[PDB]
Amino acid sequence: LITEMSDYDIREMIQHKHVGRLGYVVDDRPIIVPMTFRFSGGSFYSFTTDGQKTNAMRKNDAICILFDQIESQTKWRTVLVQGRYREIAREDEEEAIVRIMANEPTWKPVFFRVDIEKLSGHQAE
């Protein structure tokens, strides 16, 4: 019943789905929080004004993002990005901002990107 999604559908999803759910680890326990992301040049870009998220991901840089479109229990698509927290230096914030905003599909903070180590996508129909 569970199938691998085509690269086409994985791409449509990570290009067009604005909100994903970020997973990080604090003291060996998982935390999940919704965040907006922009896929650009092979990484996902975001930012937060929440210093607790920033400090947690600084201490443990192993993170993930789930994107999904759930129609029912048996009709759904999920894309999981596993990778690494990479904080953007102050002098690179303008670059990050333009990447986040530039030509977005008709949709102090600390900026970061998620560099991809594994990208997987599956569906049920």
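Start at 1 with the first residue shown and count on from there.
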* **Between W107 and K108 - deposited residues without coordinates, as a size class** => 10 or more
* Stretch exceeding the other in mean C-alpha B-factor - 49-57, 79-87 -> 49-57
* Structure fact -> Once average C-alpha B-factors are taken from the entry for 90-98 and 27-35, the winner is 90-98
* Asked: By its CA B factor, does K17 count among the lowest, middle or highest third of the modelled residues in the chain?
  -> highest
